[PDB]
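K.L.:
model the structure of this input:
(4 chains)
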Amino acid sequence: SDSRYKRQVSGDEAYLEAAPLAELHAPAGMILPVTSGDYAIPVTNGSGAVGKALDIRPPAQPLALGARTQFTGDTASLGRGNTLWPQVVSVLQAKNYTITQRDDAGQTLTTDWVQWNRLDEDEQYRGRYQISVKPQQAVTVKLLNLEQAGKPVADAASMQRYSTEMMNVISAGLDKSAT
Amino acid sequence: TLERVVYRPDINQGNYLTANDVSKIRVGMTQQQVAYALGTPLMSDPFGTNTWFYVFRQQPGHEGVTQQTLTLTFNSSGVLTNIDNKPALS
Amino acid sequence: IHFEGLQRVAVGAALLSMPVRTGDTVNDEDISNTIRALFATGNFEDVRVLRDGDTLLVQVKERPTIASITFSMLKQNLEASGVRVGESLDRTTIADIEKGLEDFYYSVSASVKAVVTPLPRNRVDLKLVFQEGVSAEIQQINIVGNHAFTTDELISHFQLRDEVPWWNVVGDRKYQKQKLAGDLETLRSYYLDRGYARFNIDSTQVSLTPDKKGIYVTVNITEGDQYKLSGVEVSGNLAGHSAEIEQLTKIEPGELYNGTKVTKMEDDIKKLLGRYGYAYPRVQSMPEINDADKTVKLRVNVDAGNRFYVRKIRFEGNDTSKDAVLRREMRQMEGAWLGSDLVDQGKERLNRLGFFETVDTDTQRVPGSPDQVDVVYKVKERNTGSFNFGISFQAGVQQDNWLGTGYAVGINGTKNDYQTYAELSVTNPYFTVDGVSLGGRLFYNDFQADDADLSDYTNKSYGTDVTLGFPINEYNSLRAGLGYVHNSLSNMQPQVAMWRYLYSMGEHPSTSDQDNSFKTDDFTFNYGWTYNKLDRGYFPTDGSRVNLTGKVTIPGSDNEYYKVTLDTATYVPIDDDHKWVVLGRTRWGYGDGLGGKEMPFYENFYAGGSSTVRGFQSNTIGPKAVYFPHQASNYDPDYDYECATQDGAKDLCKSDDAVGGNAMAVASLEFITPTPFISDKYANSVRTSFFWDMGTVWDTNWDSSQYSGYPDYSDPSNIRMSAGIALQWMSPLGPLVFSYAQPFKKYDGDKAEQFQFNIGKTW
Amino acid sequence: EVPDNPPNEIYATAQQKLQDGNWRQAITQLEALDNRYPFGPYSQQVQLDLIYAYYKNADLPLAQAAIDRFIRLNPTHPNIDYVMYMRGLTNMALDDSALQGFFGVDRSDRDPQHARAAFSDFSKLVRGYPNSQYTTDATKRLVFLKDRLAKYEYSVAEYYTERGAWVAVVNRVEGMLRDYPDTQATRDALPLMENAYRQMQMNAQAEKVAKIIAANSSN
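P.N.:
Residues are numbered from 1 along each chain as shown, chains lettered A, B, ... in the order given. Next up is the structure itself:
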């Protein structure tokens, strides 16, 4: 049970060893046959992952329970209630998360390094986030940090999943207490 | 050692030209009426030129290969300039 | 260039869907073409194009996105025809969605309606309501209008039966597609079939009951006398040419007109011209009536239309076997002139392989060229193999098509405290090309009795051989090869026939006391002939196959003998080339030693079991060993013996065991019927057959010298019989063969089974 | 049998059983969750989870139909290019049946319809959205697919070379240069067209192909 088979494709990796493509030089006084093609590979330089390194897990646009969230990031998005942003801090302490940087002015705080947990993830993850409210009121959760076994992860695939994981916890606490 | 062997079926390869049908071609064709009664040539010309290769090849019953090759050279306007007919082989 | 307002589809896919070019052109055919393409996208209920500029203006009424289809198996016809959640449904729907649902409710009635209620966001939601009645069945339908034959005699046909009990089944109503049009065509074919030329049906009468409790149909004719045919005249092409077409028209004058013979002539001519490369020979028949005469002169119009070649041959549906497998079995040449019966021989041989069921051929022309044609062979690619694991350890495996290729590979092994046996067979057909096959076989069989060590009877056998076959005829092959077999024997105890062989081989073993030694290595030249013409490689509906295998020793060799065996299988369908089929098979064998004889006792044919005569235990029918007394060298560590001194018996002793003879005959007659009810319609993967089995084995050397008592083992005489039911079911693990039968005979066939399960691969 | 448990919790159970679990047991709850709530809010994510799980479960026909219904239903977007990469990925997984699949056999011939479908899907993915994290990988799969189809044409050309089919050999290799001129099997297939031309007693085209071979070496 290495759990890495859920993050990878099915078939083999043999398609990476395929030799590159080089066109044919035509002799003097003639041409090649032309052309169709109908098979074409426009030039695209990298940069993304290949083979088993590519993460094929379905992307993340939950939760939205008004409910519809805006686009992804680098950002999170959440008709609306009345007032009392501190509900976010009450549900943040309801999960006993560690909180370091605290400001009650702009309705924004910075959440600490408390680690995550997932079943389909190989080693493990963790990260620090930032929560804010910008009024008729929308809660946004961004983050700058990542660690997998202590290694930083800047990739765009995990950023959506682990931003929406914290957004899922916020939506779970506020959804519970608000109803 | 193979002096005499068996077995093998007939292998027919090419366009079927009947003799006298080939006698129906003449200089000044439009390349449209060449295809009228001969056939659409199953071998045409790459590279870069215009010639229609009508090849008649047969290989029945271990006997031997019999192929006559009629190649037609057309100009840029679709009119055949040249006719080259070589029956059998060597 | 400004749009508006477009819910759903945005500017990106909308602008590229029309020839805009964006600054500019003024063409007023391009507003009809751009509006026609925008309407062709299917995203809009209405589209306008106006110019208030300078810049061009657009108008878009977006197509509704249906929120829910409420029918109120009920959504079966809707999710298919059809629209699920999603689209874009528009005005043309309610046209066809009403009539489609009305006509779709008459099978397995109602007058429906359509409810379009627009919701916010994008447009509408649909609700479909139904109505109670009414129904319609087949009240009274008749012609007028015949005078011959009787109206009741005129209507059968494929339908519609109005009406009479009892007791009647199936039913009930019918209309349109294959019912009234097809049966009107059946009446036309009947009336035009026997005499009665120039027969034309005048319109039709379709009327509804005012109560809608019935529906009336009527046909108006207009017979047109008799006109017994005289002569035929063919006018037209081609180089095909004539003598065959002329011989197809040979029907003599004086006979009455028959339409099915005219059409038969038509498709016969079309097949004829199809053999020579003309794949679309437009052909029609125009009879010329004679009123003063009693006769008619048929005018056949024929045009061959440009003999067609083959551009490419593609094989779709093979995800395991290679392309060369199906391509090498073809006689049709890519890049050559097509003909029929060459592509039909491709399907023939493809079925003959049995690697795929089912295979189908399609002849499709090529766009732009009225010459070239592509022929595609689709294959379902059934499973070729069987995995056999018993336990003692027993593992066989058989693969006809290995992975790709078509290398025929098989392995066998068994191991226990007594016997160890391994056999490996590899036959590669199409060695080089043309169907030349080459394969080897390796053989190892070794078993002692008690081991521990070098005490009781021991048997050890090496074996090897190689065979090279090729074809001669299309359906005929024959093989030539050679092999070597080593045999070593210690002890083995005395018995009559085996020691008659030992006596003939020059070695005098001590008569019954205990042990002896024998070592013999023989080289054989093996030949074969295989005739195969079958419907398909397995479950054959029609055909037959005959195999002949033989071997003769070569010098210098210890053992000197020759052996010949032949098998026959025949499948005769009793209806048309399918379904009910009666099969029969035979297995004959014989052999003998050269010089002073005698054929070795590891040769002899056996019988009984699932392979020969079902309901009997394996390898026992005719011959059975007759022992002598003897000593033991082991005796009784809990073991019991047949005949030995102390526990005393000495005269000579019969036995329950089996040796086997040098001559054998077996015949089976099976009645192959379709599997019983609860059938798949895919049931082609399972076969159910009654059968009657028979056979016998005898050793051509017997006695005479034995005046007994003990039976006569040289005789066809009393044979063995069986009758019962057997079925074969193709699994993913392999073909399964089980049988329950037996006997009509035996007549001392000794043991029996009456239930047999074999995988297999068993004939 | 899935229960009536509230629609938000059933997706949670199917979510844990989707992450850790064996798929199809969670696939059942995802399909029932697709039945309930026909339009949103979970329909999109439930449909994507159905896709991913169907593919990883070797349900590939049902996966195929699923992503086809998705890409036809709501191609807004993102996220689509993931779904397109799943189309080409599933069509590629329809090739390589296989236990063959274990040993070193060359799939290059067989039936290359699924490879062509995957080449079309990956093609419309890159040409397309040459941004999303799966592009370059789809590109490498594109060159692999192109070379593979060229390998099929080279196989047919090889057998037909063995048969004496030289007209069909020239038509096949010509079709290779007229489809995949830059692949390996075309350059390796040039001497086959040369040998066919010479065997058919046409030496002009034979010298032409010979000079074409003299232009390059490999590969």
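K.L.:
partners of the longest strand along chain C in the sheet?
P.N.:
Ranked by residue count, the top strand of chain C under DSSP state E comes out as strand C:517-534. Its sheet considered, strand C:517-534 pairs with strand C:476-490 (antiparallel), strand C:543-553 (antiparallel) by DSSP bridges.
K.L.:
helix or strand right after the first one?
P.N.:
Put plainly, it is strand C:476-490. helix C:496-504 (DSSP states H and E).
K.L.:
and if you look at the last one?
P.N.:
Following the chain from strand C:543-553 toward its C-terminal end, the next helix or strand by DSSP H and E is strand C:561-573.
K.L.:
now do the buried residues in that following strand.
P.N.:
Across strand C:561-573, burial judged by 16 or more other C-beta atoms under 10 Å in any protein chain shown covers C:561, C:562, C:563, C:565, C:567, C:568, C:569, C:570, C:571, C:573. No exception for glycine: its C-beta is placed from N, CA and C like everyone else's.
K.L.:
how many residues are close by residue C:658?
P.N.:
Residue C:658 has 22 neighbouring residues, counting by other C-beta atoms under 10 Å in any protein chain shown.
K.L.:
hang on, residue C:692 in a helix?
P.N.:
No - looking at residue C:692 with DSSP: H, G, I helix; E, B strand; the rest coil, it is strand, so not inside a helix.
K.L.:
make TSV out of the strands paired with strand C:517-534 and add mean neighbour count.
P.N.:
TSV is the format used below for these (neighbours: other C-beta atoms under 10 Å in any protein chain shown):
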stretch	mean neighbour count
strand C:476-490	17
strand C:543-553	18
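K.L.:
ok, the residue most central in space within chain A - contacts?
P.N.:
Centroid-nearest residue in chain A, with C-alpha atoms, centre = their mean: residue A:160, separated by 1.9 Å. Contacts for residue A:160 (C-beta atoms under 8 Å, 6 or more residues apart in numbering or on different chains) come out as A:59, A:60, A:61, A:72.
K.L.:
nearest to chain B among those?
P.N.:
Using C-beta to the nearest C-beta, residue A:59 comes nearest to chain B of the contacts of residue A:160, at 47.2 Å.
K.L.:
ok, for the closest one, nearest residue in space, not its chain neighbours?
P.N.:
Distance criterion C-beta to C-beta, 6 or more residues apart in numbering or on different chains; nearest residue to residue A:59, sequence neighbours excluded, is residue D:79 at 4.8 Å.
K.L.:
ok, the one you found - how many residues close by?
P.N.:
Residues within reach of residue D:79, counting by other C-beta under 10 Å, total 17.
K.L.:
gap between it and residue C:514?
P.N.:
Residue D:79 sits 86 Å away from residue C:514, going by C-beta to C-beta, to the nearest Å.
K.L.:
what does residue A:74 give?
P.N.:
Separation of residue A:74 from residue C:514 (C-beta to C-beta): 94 Å.
K.L.:
same check, this time on residue C:577
P.N.:
To residue C:514, residue C:577 is 63 Å away according to C-beta to C-beta.
K.L.:
what about these two, which has more around it?
P.N.:
Neighbours per residue (other C-beta under 10 Å) separate residue C:577 from residue C:514, with residue C:514 holding more: 16 against 9.
K.L.:
wait, that one sits on residue C:491?
P.N.:
Yes - look at residue C:514 against residue C:491 with C-beta atoms under 8 Å: they come within range, at 7.1 Å.
K.L.:
okay, buried residues for stretch C:162-174 please.
P.N.:
C:162, C:173, C:174.
K.L.:
closest to chain B among these?
P.N.:
residue C:174 (48.1 Å).
K.L.:
so who does that closest one touch?
P.N.:
By C-beta under 8 Å, 6+ apart, the residues touching residue C:174 are C:138, C:159, C:160, C:180.
K.L.:
of those residues, which pair is most distant in space?
P.N.:
Farthest apart among the contacts of residue C:174 by C-beta to C-beta are C:138 and C:180. That separation is 10.3 Å.
K.L.:
list the residues that contact both of the two?
P.N.:
Shared contacts of residue C:138 and residue C:180 (C-beta under 8 Å, 6+ apart): C:160, C:174.
K.L.:
got the domain boundaries for chain C?
P.N.:
Domain assignment for chain C by curated CATH domains gives C:65-129, C:140-220, C:232-302, C:309-379, C:386-758.
K.L.:
quick check: end-to-end length of the fourth one?
P.N.:
Right, the one you point to is domain C:309-379. 23 Å (C-alpha to C-alpha, to the nearest Å).
K.L.:
ok, the last one next?
P.N.:
Between the start and the finish of domain C:386-758 there is a gap of 11 Å, counting by C-alpha to C-alpha.
K.L.:
can you give the distance of it from its chain's centre?
P.N.:
Here domain C:386-758 is found 29 Å from its chain centre; the criterion is C-alpha atoms, centre = their mean, to the nearest Å.
K.L.:
thinking again about what came up before, what is the orientation angle of the longest strand of chain C with strand C:561-573?
P.N.:
Angle of strand C:517-534 versus strand C:561-573, following axes from the mean of the first three to the mean of the last three C-alpha atoms, to 10 degrees, is 30 degrees.
K.L.:
then strand C:517-534 to CSV, C-alphas only?
P.N.:
Provided in CSV are the C-alpha atoms of strand C:517-534 (Å, rounded to 0.1, in the frame of the first residue of the first chain):
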residue,chain,number,x,y,z
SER,C,517,16.1,-54.8,-17.4
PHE,C,518,15.3,-53.1,-20.8
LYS,C,519,16.8,-50.1,-22.6
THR,C,520,15.5,-49.1,-26.1
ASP,C,521,16.1,-46.0,-28.2
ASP,C,522,14.1,-45.5,-31.4
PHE,C,523,14.1,-43.0,-34.2
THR,C,524,10.9,-42.4,-36.3
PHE,C,525,10.0,-40.6,-39.5
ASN,C,526,6.6,-39.1,-39.1
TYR,C,527,4.4,-37.9,-42.0
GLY,C,528,0.9,-36.4,-42.0
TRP,C,529,-1.9,-35.1,-44.2
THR,C,530,-4.5,-32.5,-43.1
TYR,C,531,-7.6,-31.7,-45.1
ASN,C,532,-9.6,-28.8,-43.5
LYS,C,533,-12.7,-27.2,-44.9
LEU,C,534,-14.8,-25.9,-42.1
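K.L.:
what angle sits between that strand and helix C:496-504?
P.N.:
110 degrees.
K.L.:
mind listing what's buried in strand C:517-534?
P.N.:
Neighbour-count burial for strand C:517-534, counted by 16+ other C-beta under 10 Å, picks out C:520, C:522, C:523, C:524, C:526, C:527, C:528, C:529, C:530, C:532, C:534.
K.L.:
sweet, I'm off.
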